[PDB]
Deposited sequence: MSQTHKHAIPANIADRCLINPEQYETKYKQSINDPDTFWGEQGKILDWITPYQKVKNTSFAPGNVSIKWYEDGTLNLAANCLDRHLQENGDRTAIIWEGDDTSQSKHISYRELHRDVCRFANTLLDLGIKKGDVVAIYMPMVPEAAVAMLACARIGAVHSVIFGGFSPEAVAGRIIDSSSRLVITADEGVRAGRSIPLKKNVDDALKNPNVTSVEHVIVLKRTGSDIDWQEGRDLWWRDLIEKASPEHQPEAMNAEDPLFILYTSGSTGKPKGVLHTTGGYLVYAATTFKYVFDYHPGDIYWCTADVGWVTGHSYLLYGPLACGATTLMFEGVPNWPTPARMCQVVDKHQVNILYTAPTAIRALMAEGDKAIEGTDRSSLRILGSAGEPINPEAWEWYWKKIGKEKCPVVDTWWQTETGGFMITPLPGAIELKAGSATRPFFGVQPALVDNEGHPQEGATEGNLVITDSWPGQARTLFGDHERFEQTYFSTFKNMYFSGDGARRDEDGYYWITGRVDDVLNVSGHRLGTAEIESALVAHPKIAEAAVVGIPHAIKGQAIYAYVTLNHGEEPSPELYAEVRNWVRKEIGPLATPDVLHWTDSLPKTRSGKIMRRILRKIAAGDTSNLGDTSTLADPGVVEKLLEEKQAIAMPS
């Protein structure tokens, strides 16, 4: 079953099937003309001359786009929209409590970004300084990210659900000079500590770089205050001049770092530059969502994740959209919350995640009860695979069978959408990301690196660069080259597996490395094992993912205690809380399986394939039998 392109979409679409085909072929055959022309979606301070300048050569990866052009992201997201659209809403903010919302016009946002840019400059922040942002889903998170970009500071946004230890690791690695936070965030009626977590983070004796903490009063909770270091947001911004002249950034000036979990090691800072990234986010946002002036757009992703960077803030604002920032969760106070927000603000484009869809579907019709949903023209899904059944529930209940669903496959490392439908150009298959975006050349290779032709499956690689590609890993270009460009030479390895069907549509099966997907959150099995083994009573651990109906994968941890320690309710609780402390609640094992029987190769390497199979139900060979009975209990 292919879903046809509906007439209302065909009548209005920016790109039809023929235009998709033609532009696709040109992006591939002639990237310099294609991306040379498409780069004009942005305003450049000085024009680029060179367009594509890239190599995936082994141990010698170099990615540059538009390299001689200069520009300012904040000017593209704000300034250039003032003359025509200064009165238009830039951001609709919907509170965790429905009595709370705000409309923030382009003019108002610009003025606050200008005030906050001066605040930053007056505080001593300079172009290239890294600024850590640990904020909830409030408009001020946006102001802080845009102010940083405006001055050429390099923001590093840390998701609010990270623990103080996780916050400190990111601060240490990036040498962040400043932390921007709130006293607390508000989520599903609960107040979540943020500033306290920062206080704990800065007590780590390896944190040396942070000179100030800017705190937004979001809840007025009693916090500890260090005079001098700590500064209230309101105090600072109100003293700052609202006049700020944006300076030109080179196309290859660093824009942001985003810590991202890998197959091995601890999270690394995926680094995006300015020009290609922003051309790519604005271009993909515009065509995949079929954005028309006046469309109300809603991405539900947190600002702490890449989806929140590219498609909550940067892509939409570049295009002059009204973008909605929701503080809470789609099913609080009730499962109908998400659709209530859609009606309240007349959302035309809704972009969400399969975990949220599956949580709402588990509530059947309570998800749509009392709601109208008519304003909706376009639906999106990203972050994890969506089965045909969930896709169909989404298409029917939320979109009322009237809205194309754009299932967008991509990654932190890709900056923007990679394999995705375009709503007026491509016919949909439930559960398929479908076809590559402009400038994207995917392939499927076997474990030896041989391309597989026709209907097939294999390792999903991208065989050439695209403007939005991550340029490096902060402080570690060698690890960037190793992780992504060493498995299959001269190719970008995504670490995902995929099938290609008889039509040439891609079906992403999931990570083939040791990376988990837990409620749409990318986590490394290695880092969770490191966190566990750091516990004074734990000798060894092996972490796998198991299928879970809502979350996609749940975390299953095999744990070996040091001699002289026993399993108890207490130790169970302590070990789970230890992971919460090391990483955050998102990384907490759902199951602890206590064992002295980790399977290992003769060289001592833990073999996870079998652990994966046992946990799901599907040197010393005796360990498998012990493991089987332990699992059954």
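Gaps in the model relative to the deposited sequence occur at 1-4, 623-632, 648-652, listed in sequence order.
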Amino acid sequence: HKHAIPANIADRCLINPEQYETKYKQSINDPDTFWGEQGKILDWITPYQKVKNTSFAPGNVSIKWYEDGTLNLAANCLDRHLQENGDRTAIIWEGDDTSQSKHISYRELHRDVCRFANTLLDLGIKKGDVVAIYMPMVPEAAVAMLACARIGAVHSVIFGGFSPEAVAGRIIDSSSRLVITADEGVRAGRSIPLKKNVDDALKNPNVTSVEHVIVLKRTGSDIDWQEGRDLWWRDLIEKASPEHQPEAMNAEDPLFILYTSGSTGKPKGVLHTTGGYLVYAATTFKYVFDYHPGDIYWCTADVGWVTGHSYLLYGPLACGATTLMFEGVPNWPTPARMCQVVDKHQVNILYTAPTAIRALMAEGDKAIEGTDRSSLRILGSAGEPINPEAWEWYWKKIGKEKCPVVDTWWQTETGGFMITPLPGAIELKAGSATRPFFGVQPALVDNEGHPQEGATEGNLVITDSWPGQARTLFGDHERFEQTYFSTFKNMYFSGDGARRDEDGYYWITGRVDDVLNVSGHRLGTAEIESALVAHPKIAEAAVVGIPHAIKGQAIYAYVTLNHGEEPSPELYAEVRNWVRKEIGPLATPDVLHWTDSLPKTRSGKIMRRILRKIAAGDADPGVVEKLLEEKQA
From here on, numbers count along this sequence of modelled residues.
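Judged by mean Cα B factor in the deposited record, 560-568 ranks above the other of 560-568 and 575-583.
In this entry, the higher average B-factor at the C-alpha atoms falls on 235-243, of the pair 235-243 and 75-83. In this structure the maximum Cα B-factor among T284, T414, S465, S101 is found at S101. Comparing the C-alpha B-factors of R373, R471, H110, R190 in the entry, the top value falls on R190. The deposited CA B-factor of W594 belongs to the highest third of values across its chain. Per the deposited record, the Cα B-factor of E527 falls in the middle third when ranked against the other modelled residues of its chain. Looking at the C-alpha B-factors along this chain, the one for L146 belongs to the lowest third. Among the modelled residues of its chain, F56 has a C-alpha B-factor that falls in the lowest third, as given in the PDB entry. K50: CA B factor lies in the highest third for its chain, per the PDB record.
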